[PDB]
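Asker: opening piece of the complex, as it sits:
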Amino acid sequence: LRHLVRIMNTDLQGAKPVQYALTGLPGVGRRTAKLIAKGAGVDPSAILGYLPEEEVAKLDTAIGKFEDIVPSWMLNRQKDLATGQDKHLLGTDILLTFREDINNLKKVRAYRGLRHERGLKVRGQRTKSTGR
Amino acid sequence: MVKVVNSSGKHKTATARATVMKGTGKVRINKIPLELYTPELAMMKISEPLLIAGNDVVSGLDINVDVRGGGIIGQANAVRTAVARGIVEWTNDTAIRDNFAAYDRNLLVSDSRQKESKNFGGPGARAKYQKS
Amino acid sequence: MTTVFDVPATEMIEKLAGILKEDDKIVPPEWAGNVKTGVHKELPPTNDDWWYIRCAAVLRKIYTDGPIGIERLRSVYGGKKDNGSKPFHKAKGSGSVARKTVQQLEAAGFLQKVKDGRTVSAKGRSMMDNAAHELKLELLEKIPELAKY
């Protein structure tokens, strides 16, 4: 009985089906997960608990691929600095790159670094009655 | 021969050009057959005076409708008043007029008018803002 | 008459969608699996036959609503746009989706080019009347008092 399943060290909702099981993992939410379901050739509406492990392995490989079944205008890391290309992370790497991109700015005394280090809004909306 | 009246009391807006005639019995209620009348959920509200007239009457009768606009419920009762007036305009009895006035008029003017011209000082016509 | 209006819109639109599925000239072009129904909704469609049913619905809309421009089609194909804590405007549809569907419709010959949109071609009107006769054949026994009596 496949009441709960694990993929790439991140035990997702084994009860939940394919279309929403990948939203729980970081890096994919809603829209880009159904692209993975399209690429892996599995109907999302089928229960994951009644899915034998071979198809789950194909789904894991397809989600590991990801970028070959996703368009170029739906990536979270388009034009990523010295890399230049468009990427899409997964795991702790998004928060890691975010925190390094904030603390290097804080060392360089950029405004967004100060607004991040002080716990203030960076988009500039009025701080009169927010986060009390 | 043919009856053309759109006066119905004008629930908000009605736009019900009546067209009632006499033929073989083929009745097309506003380019729609009565057997598969397209509104469906609102035809129960609209088929009251025709039901009171009788199957033999409207089977003898022949009716068409020309429309411009109006809200859905304003349509659903103004068109019913128009159909009642078209029923009484064709050579008929006053017993149908008595039955039509018996249930809830449907030959009169809607006494509750369109709106009330909300005044500055509040959101609605009578409502106002919240005083502490 | 075997007009479309003697039948419910659901059965006729599904019949038109099936006939367009039988025709190879209508296809889901490339970006059907990564773009939504427009700009209003949240996610792309979940139904399998969304493109063919959308083309059939656009055909039925052009028939019952005359010649319609692409921006009129976008306005018809809007939705309750979620903004979070904003007053929920209804914006538009999608230009490229509606335009590709309309180009498929005219390549199929059902839609006819006109100045104020594209009115439905006469051949599409005749074939949809015949399909209405088919679906009305499914309920020809409802009212026998319709042929010449």
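Answerer: Thanks, I have it. Numbers count the residues shown, from 1 in each chain, chains lettered A, B, ... in the order given.

Asker: helix/strand/coil for residue A:24?
Answerer: coil (DSSP: H, G, I helix; E, B strand; the rest coil).

Asker: contacting residues around it?
Answerer: By C-beta atoms under 8 Å, 6 or more residues apart in numbering or on different chains, the contact set of residue A:24 is A:10, A:12, A:13, A:16. C-betas here are computed from N, CA, C, even on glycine.

Asker: now residue A:8
Answerer: A:25, A:60, A:63, A:64 are the contacts of residue A:8 under C-beta under 8 Å, 6+ apart.

Asker: which of those count as buried?
Answerer: Buried residues within the contacts of residue A:8, counting neighbours by 16 or more other C-beta atoms under 10 Å in any protein chain shown: A:25, A:60, A:63.

Asker: how about those residues in TSV, adding distance to residue C:109?
Answerer: Formatted as TSV, those follow (distance: C-beta to C-beta, whole Å):
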residue	distance to residue C:109
A:25	48
A:60	47
A:63	43
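
Asker: among the contacts of residue A:24, who's most crowded?
Answerer: residue A:12 (19 neighbours; other C-beta atoms under 10 Å in any protein chain shown).

Asker: quick one: the strands in chain C?
Answerer: C:111-114, C:117-120 (DSSP state E).

Asker: now the helices for chain B?
Answerer: Secondary structure of chain B by DSSP state H: the helices cover B:43-46, B:48-53, B:55-60, B:72-89, B:95-104.

Asker: same for the last one, what does it pack against?
Answerer: Using 3 or more C-beta pairs under 8 Å, 6 or more residues apart in numbering or on different chains; DSSP states H and E as the contact definition, the elements that helix B:95-104 packs against are helix B:48-53, helix B:72-89.

Asker: slot chain D in:
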Amino acid sequence: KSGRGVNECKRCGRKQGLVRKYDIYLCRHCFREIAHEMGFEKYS
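Answerer: So, slotting chain D in with the rest:
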């Protein structure tokens, strides 16, 4: 005639609260005063 408040209303030299609506170009107080002299009337 394209700006935030650069254009001023007639008579009252002012750069805020001017009725540029209807090509009137009057402040709200000034237009309120002179609407009854310029043909306007509070009919309702």
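
Asker: ok chain D is loaded, check the contacts of residue A:24 again?
Answerer: By C-beta under 8 Å, 6+ apart, the neighbours of residue A:24 are A:10, A:12, A:13, A:16.

Asker: thought residue A:48 was touching the last one, still the case?
Answerer: What that stands for is residue A:16. Yes: with contact defined as C-beta atoms under 8 Å, residue A:16 counts as touching residue A:48 (6.6 Å).

Asker: what does chain C put close to chain A?
Answerer: C:31, C:33, C:34, C:42, C:43, C:44, C:46 (C-beta under 8 Å from any C-beta of the partner chain).

Asker: and the fifth one, what does it touch?
Answerer: Under the criterion of C-beta under 8 Å, 6+ apart, the contact list for residue C:43 reads A:30, A:31, A:34, C:36.

Asker: how about 10 Å then?
Answerer: By C-beta atoms under 10 Å, 6 or more residues apart in numbering or on different chains, the contact set of residue C:43 is A:19, A:30, A:31, A:33, A:34, C:36, C:37.

Asker: equivalent analysis for the second one, please.
Answerer: Under the criterion of C-beta under 10 Å, 6+ apart, the neighbours of residue C:33 are A:34, A:35, A:37, A:38, A:39, A:69, A:71, C:44, C:45, C:51.

Asker: now a ChimeraX select for only the buried ones of these.
Answerer: Per 16+ other C-beta under 10 Å, the buried members of these correspond to this ChimeraX selection:
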select /A:34,35,37,38,39,69 /C:44,45,51
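
Asker: what's the neighbour count on residue B:102?
Answerer: 10.

Asker: ok, back up a step: report the buried members of the contacts of residue C:43.
Answerer: Judged by 16+ other C-beta under 10 Å, buried ones among the contacts of residue C:43: A:19, A:31, A:33, A:34, C:36, C:37.

Asker: ok, of the residues you listed, which one's closest to residue C:4?
Answerer: Distance to residue C:4 across the buried ones among the contacts of residue C:43 (C-beta to C-beta) is lowest for residue C:37, with 23.5 Å.

Asker: now the sequence for chain E, which goes on the structure above:
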Amino acid sequence: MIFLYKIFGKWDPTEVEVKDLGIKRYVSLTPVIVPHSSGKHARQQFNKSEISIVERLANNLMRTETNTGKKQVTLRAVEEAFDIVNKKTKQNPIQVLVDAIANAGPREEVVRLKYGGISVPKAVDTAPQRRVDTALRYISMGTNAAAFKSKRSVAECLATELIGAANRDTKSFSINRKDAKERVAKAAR
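Answerer: Alright, chain E goes in next:
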């Protein structure tokens, strides 16, 4: 002619007799083809005396904030609750509803009268129109409370409320509120 009108084309209100004899002259069993009469409660008061009761029960079901302007969904819930009451509790369903109204309508109520030199509300008889209104209000409250935050539908909880207040089921919210108000009236006789 009157073509034997039934509620939603299914339940004729002619073949139903009222139990609460006072409420018979106020709750109306008049046949109407659709429960959207759109009443006229401004020419006088108690304009509902000639209006249908299924419409009234459907428009007292819009107690909730989102329910305003939603008579269509109220009629949907009314119809599916009528189906449930007819199925699980096979009987004339409007008869079951009128039994529920006559059973959960507050017979007695307490009203402030400053007699005897004390701030004390006195226990008084309740009007038939007022009692019918409070019965419909408590039915709506029970339906809304069961239907909120629940796996059971709105119309299902309405059917549960009607069965509770119709067959004298003591678990229904309407019965408990009517008994509570009557107890408070007994406390201040």
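
Asker: again for the contacts of residue A:24, since chain E is there now?
Answerer: Applying C-beta under 10 Å, 6+ apart, one finds that residue A:24 lies in contact with A:7, A:10, A:11, A:12, A:13, A:16, A:33.

Asker: again, only using 8 Å
Answerer: A:10, A:12, A:13, A:16.

Asker: can you tell me how far it is from chain B?
Answerer: 40 Å (C-beta to the nearest C-beta, to the nearest Å).

Asker: for chain B, what lies in contact range of chain C?
Answerer: B:24, B:25, B:26, B:31, B:32, B:33, B:35, B:36, B:38, B:59.

Asker: what about the helices in chain C?
Answerer: According to DSSP H, the helices that chain C contains are C:9-22, C:50-65, C:70-76, C:95-107, C:122-137.

Asker: okay, these in a markdown table with distance to residue D:17 next?
Answerer: Shown next, in a markdown table, are the helices of chain C (distance: least, C-beta to C-beta, whole Å):
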| stretch | distance to residue D:17 |
| --- | --- |
| helix C:9-22 | 54 |
| helix C:50-65 | 46 |
| helix C:70-76 | 36 |
| helix C:95-107 | 41 |
| helix C:122-137 | 58 |
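
Asker: show me what counts as buried in the helix or strand harbouring residue E:136.
Answerer: Under the criterion of DSSP states H and E, residue E:136 resides in helix E:128-147. By neighbour count on 16+ other C-beta under 10 Å, the buried set for helix E:128-147 is E:128, E:131-136, E:138-144, E:146-147.

Asker: and the residues you listed, which is closest to residue B:69?
Answerer: Once C-beta to C-beta is applied, the member of the buried residues of helix E:128-147 that ends up nearest residue B:69 is residue E:140, at 34.6 Å.

Asker: surely that closest one and residue E:59 touch.
Answerer: No: applying C-beta under 8 Å as the test, residue E:140 and residue E:59 come out as separate, 9.6 Å apart.
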